[PDB]
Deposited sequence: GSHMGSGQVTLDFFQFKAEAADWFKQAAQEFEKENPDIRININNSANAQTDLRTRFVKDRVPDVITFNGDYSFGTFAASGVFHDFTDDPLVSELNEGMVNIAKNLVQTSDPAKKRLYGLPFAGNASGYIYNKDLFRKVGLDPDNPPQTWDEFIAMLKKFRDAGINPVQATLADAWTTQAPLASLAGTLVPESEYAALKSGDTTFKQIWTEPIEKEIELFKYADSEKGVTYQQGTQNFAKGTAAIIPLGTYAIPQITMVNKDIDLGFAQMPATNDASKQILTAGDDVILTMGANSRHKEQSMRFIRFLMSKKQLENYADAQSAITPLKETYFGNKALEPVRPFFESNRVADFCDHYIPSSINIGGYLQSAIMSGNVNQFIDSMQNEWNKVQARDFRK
């Protein structure tokens, strides 16, 4: 007796949500679900009933502008990982602490680091269950693959956004989140906090010895076919790899940013936030679909399919490839993505892509500072 509009952001999970929506429809014939500029689509009169969104700055801006249903105090929230809930709350782009409310439910977590080929690790005598603990050991590992005739790093520089992954992996350890508050008030600068992360990202891609200029898809295809030791993307890329080669033996590791082995941090965020249009007129029916998606069976099936981390208090890891980072989650040694502090209007991806190709660190830093200053004032 209603048809819901479902906006589903994630290309890599398109099939999973299509099948879940169909399953719900068969069990609830009165509720049909139709799946598909963002400011245009989210206009109040036509806002989607059910929404998935990546948990980043854009989520936070739409949350602050009232596009999304306010889930604060919803009975469902008590079943969820408090850290992941607080991540969602802290994304709200507001200077008012009381406005840091919950505008979606964490549905799946990710981590940023690198995906590595365990068979190639074994090939050159490395322990596939215990990846490098320091920057020097990480670089030594890459040099080891190069010297053994193996392409150490599969870059994907044709798609600018992928260059943001190593930056966030490295910054997670090098740059406390508190620095971005200081950055906003002018009490620090990009030169002071991001010079070292960009320098190390440039050093990383020194070891992209083959096919560095390919697309996201080409890169994960190459890696699936065994042509590189690591691909420095987050957990979200794992299903893109395994779909090409289903029994590839993968690990996922934290990328250690310094030679301080006792102070390493894992960048991790809410990969998928599930929410409702605030001005939607079918909230009762939408919530039924959302409660279905947020059930343990669906969450863990999604996690298995997408190599993700469930949002329930008792965390489930969807792929044994994630075991090397389990310690970071258990100990709460995690950090926000640094680009969750960067306004969407700033084309950081383009700037980073350029900096990696030219090696011009100072132009990246000054461009970011220029763009930032104009936004903040």
| query | finding |
| --- | --- |
| Stretches of the record's deposited sequence for which the structure holds no C-alpha atoms | 1-7, 44-50, 392-396 |
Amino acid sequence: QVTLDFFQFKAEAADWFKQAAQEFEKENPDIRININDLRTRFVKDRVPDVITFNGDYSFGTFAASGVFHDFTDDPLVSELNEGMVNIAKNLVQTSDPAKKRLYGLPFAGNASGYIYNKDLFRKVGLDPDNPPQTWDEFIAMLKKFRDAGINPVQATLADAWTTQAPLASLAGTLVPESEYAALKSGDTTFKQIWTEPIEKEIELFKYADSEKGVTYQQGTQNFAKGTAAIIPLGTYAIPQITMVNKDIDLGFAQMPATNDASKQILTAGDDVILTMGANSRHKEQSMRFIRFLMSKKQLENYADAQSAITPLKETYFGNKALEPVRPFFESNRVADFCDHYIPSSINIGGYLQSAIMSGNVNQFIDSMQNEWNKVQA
From here on, numbers count along this sequence of modelled residues.
property: Segment of higher mean CA temperature factor, 73-81 or 278-286; result: 73-81
property: Segment of higher mean CA temperature factor, 366-374 or 1-9; result: 1-9
property: Out of 93, 221, 112, 195, highest CA B-factor residue; result: 93
property: Member of 33, 325, 342, 50 with the greatest C-alpha B factor (per the PDB record); result: 33
property: Residue 212 CA temperature factor, ranked by third within the chain; result: highest
property: For residue 335, the third of its chain into which the C-alpha B factor falls; result: highest
property: Residue 149 CA temperature factor, ranked by third within the chain; result: highest
property: Among modelled residues of the same chain, the CA temperature factor third for residue 105; result: lowest
property: Third of chain Cα B-factors occupied by residue 248; result: highest
